[PDB]
Amino acid sequence: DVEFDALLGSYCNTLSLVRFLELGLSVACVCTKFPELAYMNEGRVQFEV
Amino acid sequence: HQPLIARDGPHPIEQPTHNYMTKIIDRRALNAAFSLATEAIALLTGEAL
Amino acid sequence: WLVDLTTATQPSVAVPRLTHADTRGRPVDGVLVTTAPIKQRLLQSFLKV
Amino acid sequence: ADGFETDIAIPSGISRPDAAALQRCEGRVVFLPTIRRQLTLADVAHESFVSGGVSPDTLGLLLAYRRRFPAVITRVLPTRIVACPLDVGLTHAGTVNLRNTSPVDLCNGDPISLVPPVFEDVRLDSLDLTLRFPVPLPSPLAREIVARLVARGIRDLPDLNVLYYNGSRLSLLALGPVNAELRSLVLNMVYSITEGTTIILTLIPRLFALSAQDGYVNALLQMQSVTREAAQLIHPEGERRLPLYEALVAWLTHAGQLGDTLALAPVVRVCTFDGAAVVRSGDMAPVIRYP
Amino acid sequence: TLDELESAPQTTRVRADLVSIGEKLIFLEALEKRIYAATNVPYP
Numbered sequence: 051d052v053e054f055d056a057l058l059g060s061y062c063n064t065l066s067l068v069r070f071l072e073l074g075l076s077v078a079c080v081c082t083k084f085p086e087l088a089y090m091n092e093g094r095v096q097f098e099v
Numbered sequence: 100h101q102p103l104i105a106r107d108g109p110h111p112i113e114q115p116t117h118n119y120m121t122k123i124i125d126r127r128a129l130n131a132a133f134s135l136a137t138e139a140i141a142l143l144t145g146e147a148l
Numbered sequence: 247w248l249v250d251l252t253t254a255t256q257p258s259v260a261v262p263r264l265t266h267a268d269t270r271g272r273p274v275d276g277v278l279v280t281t282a283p284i285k286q287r288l289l290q291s292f293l294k295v
Numbered sequence: 003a004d005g006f007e008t009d010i011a012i013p014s015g016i017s018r019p020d021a022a023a024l025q026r027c028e029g030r031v032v033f034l035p036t037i038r039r040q041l042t043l044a045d046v047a048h049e050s051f052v053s054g055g056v057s058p059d060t061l062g063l064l065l066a067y068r069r070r071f072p073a074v075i076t077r078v079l080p081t082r083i084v085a086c087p088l089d090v091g092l093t094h095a096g097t098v099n100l101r102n103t104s105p106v107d108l109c110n111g112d113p114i115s116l117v118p119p120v121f122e127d128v129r130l131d132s133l134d135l136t137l138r139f140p141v142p143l144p145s146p147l148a149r150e151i152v153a154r155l156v157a158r159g160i161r162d163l174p175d176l177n178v179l180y181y182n183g184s185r186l187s188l189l190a195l196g197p198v199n200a201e202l203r204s205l206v207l208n209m210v211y212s213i214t215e216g217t218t219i220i221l222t223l224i225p226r227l228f229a230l231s232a233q234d235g236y237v238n239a240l241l242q243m244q245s246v247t248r249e250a251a252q253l254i255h256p257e265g266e267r268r269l270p271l272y273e274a275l276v277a278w279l280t281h282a283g284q285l286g287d288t289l290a291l292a293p294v295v296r297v298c299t300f301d302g303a304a305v306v307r308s309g310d311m312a313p314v315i316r317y318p
Numbered sequence: 350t351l352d353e354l355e356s357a358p359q360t361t362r363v364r365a366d367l368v369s370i371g372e373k374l375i376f377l378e379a380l381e382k383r384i385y386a387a388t389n390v391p392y393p
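Residue numbers (the authors' numbering), protein chains in the order written: chain A, 51 to 99; chain B, 100 to 148; chain C, 247 to 295; chain D, 3 to 122, 127 to 163, 174 to 190, 195 to 257, 265 to 318; chain E, 350 to 393.
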């Protein structure tokens, strides 16, 4: 009589690869980053017509 | 790995869910039958040679 | 309706080491199993070998 | 080798208390549909005996055990249950240990038949099935103990509880659901015997009306004799007719049905070797079938 | 009690059928002449 407790190969590795620029929805954007932003109260944008 | 979204609302997501799934496999066993006749035994053995 | 067969299932873990490749082609991503008379209809019409 | 062994597979999902009861039930009698190598445990359980809808009663369990095939469990692996059938696998090996569920002791050289648990339980929680093990009690008691419980049911429409075997007491009363579980056997007794004791009383219109103790013997002896004078000692030879000859056949089949039920044939005989002759309750007894 | 598979590539050419559906190549065979021909087995 032989008794075995076997765990098999954990054949499940879910991968997620994300880049916003590989999405071409960044055509519809102007993405710039402040390296530190949150100190600022109110930024504004001037349009002259 | 459950993929996540930072939703625009400041309401808390409260927890992410990342867990392990374990599944018991099953078992089945096959069958066949080969049956030989009476006199075929002695001819393979040599008793009737 | 044939696309509805191909899009109703998620790409599933995990990748094999020995992928069923074609002559000069990409590896096979799915298997249909049909009866004999349906296969005659699906080749003389609607599809190419 | 050449010994035959049925292999019963247990479905996985056993809790640690459930395997301990199955570890304990080593020598017991277990029925099965067909002799086969590999087999599920769903055909072993008491749930497999049902017709509806209806959990089967004492009458159906007697009918099932003719069609089911008796087997005694050998050593119990955690993987599988290895059991050998009695009618084919034992003719080569010869010796099988068997533990009593019966409170009646066993002497050497006794024939043992199997009785459903009417004299008076294992259930598995995780696997969702029940187990009922029959009682291996001796065959001369088997025609008695069944007939005592039938005699109680006729009283439902002195003590019947006294059964003293090999210097021991027995209490049949010990109650409630045992009586209603046995109700179907009682009705087929009375319907068989009263239909018996009308047709014989119609073909012989004066059995009871004949004179007592001396003419009846003279009527018996000529009927008991071997000589050619047979038919003129029997038969009495718009309006409706008593369908007697059709009522012969329906009664003979019903009597012929109960012959297979209440024979309780000696499947098992016990030969004690290198040990005590008396085998008591909870003790493994060696088994030798007919050669 | 923990053990890992070992696989070796030995490719051979096999007569088969390939169908292009949508964005991925799809395999298509019927399994009547290859398997279940002249048995007592129903085709599931």
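Virtual Cβ for every residue (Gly too), placed ideally from N, Cα, C.
Neighbour flag for residue i against chain A, beta carbons, 8 angstroms
i, result
"residue 396 of chain E", "Since the first residue of chain E shown is 350 and the last is 393, residue 396 of chain E is not available in this structure."
"residue 98 of chain B", "This structure cannot speak to residue 98 of chain B, because chain B is shown only from 100 to 148."
"C/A267", "no"
"D/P13", "no"
"D/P144", "no"
Own chain, CB closer than 8 angstroms to residue i, minus 5 neighbours either side, in chain order
i, result
"D/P87", "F6, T8, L34, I37, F71, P72 and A73"
"D/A21", "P80"
"D/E249", "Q242"
Residue range of the unbroken alpha helix (DSSP H) whose run includes residue i
i, result
"E/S369", "Careful: E/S369 lies outside any alpha helix (DSSP H), inside the beta strand (DSSP E) at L367 to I370."
"D/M209", "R203 to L223"
"D/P119", "Segment: none, D/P119 is in no alpha helix (DSSP H) and carries neither H nor E."
"D/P142", "Taken as a continuous stretch (DSSP letters only), D/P142 belongs to no alpha helix (DSSP H), being part of the beta strand (DSSP E) at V141 to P144."
"D/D287", "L271 to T288"
"C/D250", "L248 to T252"
"B/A141", "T137 to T144"
"A/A78", "Taken as a continuous stretch (DSSP letters only), A/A78 belongs to no alpha helix (DSSP H), as it is neither H nor E."
Proximity test, Cβ basis, 8 angstroms: residue i and chain C
i, result
"E/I375", "yes"
"E/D352", "no"
"E/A387", "no"
"A/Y89", "no"
"E/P358", "yes"
"E/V390", "no"
Residue-level contact to chain D via CB, residue i, 8 angstroms cutoff
i, result
"A/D55", "no"
"B/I140", "no"
CB of residue i within 8 angstroms of CB of residue j, strictly
i, j, result
"D/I10", "D/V46", "yes"
"D/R30", "D/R82", "no"
"residue 326 of chain C", "C/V259", "Examination of residue 326 of chain C is not possible in this model, given that chain C is present from 247 through 295 alone."
"D/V98", "D/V314", "yes"
"C/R263", "E/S356", "yes"
"D/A190", "D/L176", "no"
"D/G159", "D/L116", "no"
"D/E49", "D/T136", "yes"
"D/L223", "D/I254", "yes"
"D/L205", "D/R154", "no"
"C/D268", "E/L367", "yes"
"B/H100", "A/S66", "yes"
"A/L58", "E/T350", "no"
"D/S212", "B/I123", "no"
Limits of the beta strand (DSSP E) - the one that residue i falls within
i, result
"D/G235", "Careful: D/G235 lies outside any beta strand (DSSP E), inside the alpha helix (DSSP H) at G235 to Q244."
"D/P87", "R82 to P87"
"D/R226", "Looking at the DSSP string, D/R226 is not in any beta strand (DSSP E), and its letter there is neither H nor E."
"D/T42", "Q40 to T42"
"A/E72", "From DSSP, A/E72 is part of no beta strand (DSSP E); its letter is neither H nor E."
"E/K373", "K373 to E378"
"C/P283", "Element bounds for C/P283: not the beta strand (DSSP E) but the alpha helix (DSSP H), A282 to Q290."
"D/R18", "First-last for D/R18: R18 to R26, but that is the alpha helix (DSSP H), not the beta strand (DSSP E)."
"D/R296", "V295 to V297"
Residue-level contact to chain E via CB, residue i, 8 angstroms cutoff
i, result
"A/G74", "no"
"C/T280", "yes"
"A/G59", "yes"
"C/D275", "yes"
Sequence-distant residues of its chain with Cβ nearer than 7 angstroms to residue i (five each side left out)
i, result
"D/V90", "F6 and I37"
"D/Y181", "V106 and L147"
"D/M209", "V156"
"D/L92", "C86, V98 and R316"
Residue-level contact to chain B via CB, residue i, 8 angstroms cutoff
i, result
"A/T64", "yes"
"D/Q40", "yes"
7 angstroms Cβ cut-off: residues of chain F touching residue i
i, result
"C/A260", "Structure shown: chain F not included; protein chains present are A, B, C, D and E."
* Should the stretch 127-137 of chain D be called in touch with the stretch 270-279 of chain D, which here means at least 3 C-beta pairs below 8 angstroms? -> no
* To do: Inspect the CB distances between the stretch 141-148 of chain D and the stretch 86-106 of chain D and report whether three or more fall short of 8 angstroms.
  => yes
* Decide if the stretch 360-378 of chain E is in contact with the stretch 284-294 of chain C; the criterion is three or more beta carbon pairs, one per stretch, under 8 angstroms apart. => yes
* Asked: Between the stretch 295-304 of chain D and the stretch 127-144 of chain B, do at least 3 Cβ pairs fall closer than 8 angstroms?
  -> no
* To do: Count the CB pairs spanning the stretch 361-371 of chain E and the stretch 195-214 of chain D that are closer than 8 angstroms, and state whether there are at least three.
  => no
* To do: Take every Cβ of the stretch 223-243 of chain D, pair it with every Cβ of the stretch 287-301 of chain D, and state whether three or more of those distances are shorter than 8 angstroms.
  => no
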